[PDB]
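One structure is given here, and the rest of the page talks about it.
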Amino acid sequence: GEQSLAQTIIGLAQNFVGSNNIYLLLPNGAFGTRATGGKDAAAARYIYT
Amino acid sequence: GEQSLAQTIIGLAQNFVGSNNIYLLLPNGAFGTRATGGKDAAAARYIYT
Amino acid sequence: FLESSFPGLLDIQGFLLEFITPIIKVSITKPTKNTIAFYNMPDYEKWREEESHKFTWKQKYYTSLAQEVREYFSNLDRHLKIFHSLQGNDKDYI
DNA sequence: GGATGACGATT
DNA sequence: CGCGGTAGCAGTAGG
DNA sequence: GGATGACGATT
DNA sequence: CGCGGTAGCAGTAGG
């Protein structure tokens with residue numbers, strides 16, 4: 001499912017402390033915060049990378 | 001949202017009696033049936049067109 | 001779930017069934033025309049290496065047009081496979 | 001005689 | 001893998 | 001000392 | 001717009 005893949009991408013992009021020491025993708029939008037471990041993140045139609 | 005668009009496509013494809021007199025797209029998969037008015041249809045990652 | 005929740009259920013022979021579907025669908029286009037449905041990798045491969053060159057064709061990775069489904073059910077005894085009732089070292093493996 | 005629901009593209 | 005909420009109009013059906 | 005939950009890619 | 005269910009392992013935390 002494309003959903004799982006989208007989540008994989010978001011995961012690769014996240015830039016809140018405690019995620020990726022070096023994010024290979026740039027979180028151009030609400031790619032989640034440290035407040036919930038990236039779970040806050042917005043829907044794919046929202047964020048860019 | 002891409003969801004609404006996917007639904008638009010599915011709608012353009014449906015080929016059960018009572019849908020499209022001439023479906024401009026081909027329903028290559030479970031594009032819904034007459035049993036629920038196309039609501040049965042399967043998820044986008046499923047069907048092709 | 002069946003073996004764990006229900007004792008002696010999987011002992012009944014011919015209770016659990018399986019509906020299977022061909023893994024790939026080949027279509028012959030230029031030379032002569034028919035369609036070959038393969039149940040597995042080995043068959044499709046032996047054919048792919050020992051017959052494919054003799055035609056122009058297209059392979060379809062395994063939704064299938066309902067009219068083919070009707071066929072799936074017309075002779076479903078070929079697509080139906082039965083599990084053997086628990087025997088030694090069946091439960092153990094489960 | 002007023003209420004509820006279907007339909008569809010969008011949140 | 002799947003379920004749910006809301007707008008907006010015209011007309012039909014249900015008590 | 002047994003139970004519940006977090007994490008993550010996929011149904 | 002949004003919510004929920006399940007597998008699979010290792011170890012931590014809660015009662």
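Residue names in the structure tokens use chain letters A, B, ... in the order shown, residue numbers from 1 in each chain, and ligand numbers from 1 in the order shown.
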
### Task
May I have the residues of chain B within 9 Å of chain D, counting only C-alpha atoms (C1' of nucleotides), written as a ChimeraX atom specification?
/B:1,4-5,8

Can you pull out every residue within 10 Å of residue 17 of chain C, counting only C-alpha atoms (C1' of nucleotides), but drop anything in the same chain fewer than 3 positions away, and send it as a short mmCIF file (atom, residue, chain, number, x, y, z; two decimals) with C-alpha atoms, in the first residue's frame?
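Saved the output as out-v1.cif:
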```
data_model
loop_
_atom_site.label_atom_id
_atom_site.label_comp_id
_atom_site.auth_asym_id
_atom_site.auth_seq_id
_atom_site.Cartn_x
_atom_site.Cartn_y
_atom_site.Cartn_z
CA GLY C 14 -11.73 -32.21 4.37
CA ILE C 20 -5.80 -20.48 -5.10
CA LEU C 80 -9.48 -25.87 -4.44
CA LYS C 81 -6.88 -27.59 -2.27
CA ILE C 82 -7.62 -29.54 0.91
CA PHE C 83 -5.53 -29.59 4.08
CA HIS C 84 -4.62 -32.94 5.64
#
```

### Task
Just the alpha helix (DSSP H) stuff from segment 16-92 of chain C, please, per backbone DSSP, written as a PyMOL selection string.
chain C and resi 41-50+66-74

Selected residues written out, N, CA, C and O atoms, as a PDB file, in the first residue's frame:
```pdb
ATOM      1  N   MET C  41       5.874 -20.398 -10.137  1.00  0.00           N
ATOM      2  CA  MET C  41       7.104 -19.879 -10.726  1.00  0.00           C
ATOM      3  C   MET C  41       7.816 -20.895 -11.625  1.00  0.00           C
ATOM      4  O   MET C  41       8.255 -20.546 -12.717  1.00  0.00           O
ATOM      5  N   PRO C  42       7.948 -22.150 -11.159  1.00  0.00           N
ATOM      6  CA  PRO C  42       8.641 -23.185 -11.939  1.00  0.00           C
ATOM      7  C   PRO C  42       8.031 -23.433 -13.317  1.00  0.00           C
ATOM      8  O   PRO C  42       8.774 -23.520 -14.291  1.00  0.00           O
ATOM      9  N   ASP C  43       6.710 -23.565 -13.392  1.00  0.00           N
ATOM     10  CA  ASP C  43       6.043 -23.795 -14.671  1.00  0.00           C
ATOM     11  C   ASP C  43       6.280 -22.624 -15.614  1.00  0.00           C
ATOM     12  O   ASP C  43       6.813 -22.785 -16.716  1.00  0.00           O
ATOM     13  N   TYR C  44       5.873 -21.441 -15.164  1.00  0.00           N
ATOM     14  CA  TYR C  44       6.033 -20.209 -15.926  1.00  0.00           C
ATOM     15  C   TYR C  44       7.475 -19.994 -16.380  1.00  0.00           C
ATOM     16  O   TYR C  44       7.728 -19.375 -17.414  1.00  0.00           O
ATOM     17  N   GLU C  45       8.416 -20.517 -15.601  1.00  0.00           N
ATOM     18  CA  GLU C  45       9.833 -20.343 -15.890  1.00  0.00           C
ATOM     19  C   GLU C  45      10.303 -21.342 -16.941  1.00  0.00           C
ATOM     20  O   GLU C  45      11.021 -20.981 -17.873  1.00  0.00           O
ATOM     21  N   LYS C  46       9.896 -22.599 -16.787  1.00  0.00           N
ATOM     22  CA  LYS C  46      10.221 -23.630 -17.766  1.00  0.00           C
ATOM     23  C   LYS C  46       9.660 -23.249 -19.129  1.00  0.00           C
ATOM     24  O   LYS C  46      10.307 -23.452 -20.158  1.00  0.00           O
ATOM     25  N   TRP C  47       8.454 -22.690 -19.132  1.00  0.00           N
ATOM     26  CA  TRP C  47       7.850 -22.218 -20.371  1.00  0.00           C
ATOM     27  C   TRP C  47       8.579 -20.983 -20.888  1.00  0.00           C
ATOM     28  O   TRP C  47       8.829 -20.855 -22.086  1.00  0.00           O
ATOM     29  N   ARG C  48       8.918 -20.077 -19.976  1.00  0.00           N
ATOM     30  CA  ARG C  48       9.607 -18.842 -20.335  1.00  0.00           C
ATOM     31  C   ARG C  48      10.966 -19.120 -20.972  1.00  0.00           C
ATOM     32  O   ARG C  48      11.464 -18.322 -21.765  1.00  0.00           O
ATOM     33  N   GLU C  49      11.562 -20.255 -20.621  1.00  0.00           N
ATOM     34  CA  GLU C  49      12.882 -20.612 -21.127  1.00  0.00           C
ATOM     35  C   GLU C  49      12.817 -21.609 -22.280  1.00  0.00           C
ATOM     36  O   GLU C  49      13.790 -21.774 -23.016  1.00  0.00           O
ATOM     37  N   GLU C  50      11.674 -22.271 -22.438  1.00  0.00           N
ATOM     38  CA  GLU C  50      11.571 -23.362 -23.403  1.00  0.00           C
ATOM     39  C   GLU C  50      10.426 -23.213 -24.409  1.00  0.00           C
ATOM     40  O   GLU C  50      10.127 -24.151 -25.149  1.00  0.00           O
ATOM     41  N   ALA C  66     -13.840  -9.965 -13.933  1.00  0.00           N
ATOM     42  CA  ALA C  66     -14.810 -10.880 -13.334  1.00  0.00           C
ATOM     43  C   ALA C  66     -15.182 -12.054 -14.237  1.00  0.00           C
ATOM     44  O   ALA C  66     -15.512 -13.136 -13.752  1.00  0.00           O
ATOM     45  N   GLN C  67     -15.126 -11.838 -15.547  1.00  0.00           N
ATOM     46  CA  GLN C  67     -15.479 -12.885 -16.501  1.00  0.00           C
ATOM     47  C   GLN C  67     -14.487 -14.043 -16.449  1.00  0.00           C
ATOM     48  O   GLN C  67     -14.801 -15.157 -16.863  1.00  0.00           O
ATOM     49  N   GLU C  68     -13.289 -13.769 -15.942  1.00  0.00           N
ATOM     50  CA  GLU C  68     -12.299 -14.813 -15.709  1.00  0.00           C
ATOM     51  C   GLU C  68     -12.568 -15.475 -14.364  1.00  0.00           C
ATOM     52  O   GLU C  68     -12.257 -16.649 -14.163  1.00  0.00           O
ATOM     53  N   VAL C  69     -13.150 -14.710 -13.447  1.00  0.00           N
ATOM     54  CA  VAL C  69     -13.526 -15.225 -12.137  1.00  0.00           C
ATOM     55  C   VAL C  69     -14.614 -16.282 -12.292  1.00  0.00           C
ATOM     56  O   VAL C  69     -14.554 -17.352 -11.677  1.00  0.00           O
ATOM     57  N   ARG C  70     -15.607 -15.976 -13.122  1.00  0.00           N
ATOM     58  CA  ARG C  70     -16.653 -16.940 -13.434  1.00  0.00           C
ATOM     59  C   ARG C  70     -16.036 -18.268 -13.860  1.00  0.00           C
ATOM     60  O   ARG C  70     -16.545 -19.333 -13.518  1.00  0.00           O
ATOM     61  N   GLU C  71     -14.938 -18.193 -14.606  1.00  0.00           N
ATOM     62  CA  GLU C  71     -14.195 -19.382 -15.005  1.00  0.00           C
ATOM     63  C   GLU C  71     -13.540 -20.027 -13.792  1.00  0.00           C
ATOM     64  O   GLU C  71     -13.589 -21.244 -13.618  1.00  0.00           O
ATOM     65  N   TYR C  72     -12.926 -19.204 -12.951  1.00  0.00           N
ATOM     66  CA  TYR C  72     -12.317 -19.692 -11.721  1.00  0.00           C
ATOM     67  C   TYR C  72     -13.298 -20.569 -10.940  1.00  0.00           C
ATOM     68  O   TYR C  72     -12.907 -21.567 -10.329  1.00  0.00           O
ATOM     69  N   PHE C  73     -14.576 -20.197 -10.966  1.00  0.00           N
ATOM     70  CA  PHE C  73     -15.591 -20.930 -10.207  1.00  0.00           C
ATOM     71  C   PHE C  73     -16.270 -22.053 -10.994  1.00  0.00           C
ATOM     72  O   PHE C  73     -16.792 -22.997 -10.402  1.00  0.00           O
ATOM     73  N   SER C  74     -16.264 -21.955 -12.320  1.00  0.00           N
ATOM     74  CA  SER C  74     -16.902 -22.972 -13.152  1.00  0.00           C
ATOM     75  C   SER C  74     -16.239 -24.331 -12.946  1.00  0.00           C
ATOM     76  O   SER C  74     -16.906 -25.366 -12.945  1.00  0.00           O
TER      77      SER C  74
END
```

Given only C-alpha atoms (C1' of nucleotides), how would the per-residue table for chain G near chain E read, listing every residue at most 9 Å away with its closest atom pair and distance in Å to one decimal, sorted by chain and number, as JSON lines?
```
{"residue": "G:1", "atom": "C1'", "partner": "E:5", "partner_atom": "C1'", "distance": 7.9}
{"residue": "G:2", "atom": "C1'", "partner": "E:5", "partner_atom": "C1'", "distance": 7.7}
{"residue": "G:3", "atom": "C1'", "partner": "E:4", "partner_atom": "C1'", "distance": 7.1}
{"residue": "G:4", "atom": "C1'", "partner": "E:3", "partner_atom": "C1'", "distance": 7.1}
{"residue": "G:5", "atom": "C1'", "partner": "E:2", "partner_atom": "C1'", "distance": 7.7}
{"residue": "G:6", "atom": "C1'", "partner": "E:1", "partner_atom": "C1'", "distance": 8.5}
```

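What chain B places within 12 Å of chain A, counting only C-alpha atoms, is residues 1, 2, 3, 4, 5, 43, 44, 45, 46 and 47 of chain B.
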
### Query
How many Å lie between atom CA of residue 10 of chain A and atom CA of residue 6 of chain B, rounded to one decimal?
21.5 Å

### Message
Residues of chain B within 10 Å of chain C, counting only C-alpha atoms, what are they? List them as a VMD selection string.
### Response
chain B and resid 27 to 31 42 46 to 48

What lies within 8 Å of residue 35 of chain C using only C-alpha atoms (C1' of nucleotides), ignoring chain neighbours under 4 positions off, as a PDB file with N, CA and C atoms, in the first residue's frame?
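After the write, around39.pdb holds the following:
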```
ATOM      1  N   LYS C  25      -0.331 -14.267 -15.914  1.00  0.00           N
ATOM      2  CA  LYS C  25      -1.132 -14.510 -17.114  1.00  0.00           C
ATOM      3  C   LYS C  25      -0.444 -14.034 -18.393  1.00  0.00           C
ATOM      4  N   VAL C  26      -0.128 -14.980 -19.271  1.00  0.00           N
ATOM      5  CA  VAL C  26       0.580 -14.687 -20.511  1.00  0.00           C
ATOM      6  C   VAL C  26      -0.367 -14.561 -21.699  1.00  0.00           C
ATOM      7  N   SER C  27      -0.127 -13.554 -22.534  1.00  0.00           N
ATOM      8  CA  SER C  27      -0.946 -13.325 -23.720  1.00  0.00           C
ATOM      9  C   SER C  27      -0.110 -13.341 -24.999  1.00  0.00           C
ATOM     10  N   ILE C  28      -0.454 -14.246 -25.911  1.00  0.00           N
ATOM     11  CA  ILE C  28       0.243 -14.362 -27.189  1.00  0.00           C
ATOM     12  C   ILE C  28      -0.391 -13.435 -28.219  1.00  0.00           C
TER      13      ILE C  28
END
```

### Query
Do you know which residues are at most 8 Å from residue 13 of chain B counting only C-alpha atoms (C1' of nucleotides), after dropping those on the same chain fewer than 2 positions away, and could you put them as a list in words?
residues 9, 10, 11, 15, 20, 23, 24, 25, 26, 27, 31 and 49 of chain B

#### Entry: Pairwise distance for atom CA of residue 62 of chain C and atom CA of residue 30 of chain C, rounded to one decimal in Å
22.5 Å

### Query
Which residues in chain C does DSSP call strand (DSSP E)? List them as a PyMOL selection string.
chain C and resi 17-19+24-28+35-38+57-61+80-82

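Going from atom CA of residue 14 of chain B over to atom CA of residue 57 of chain C, you cover 28.6 Å.
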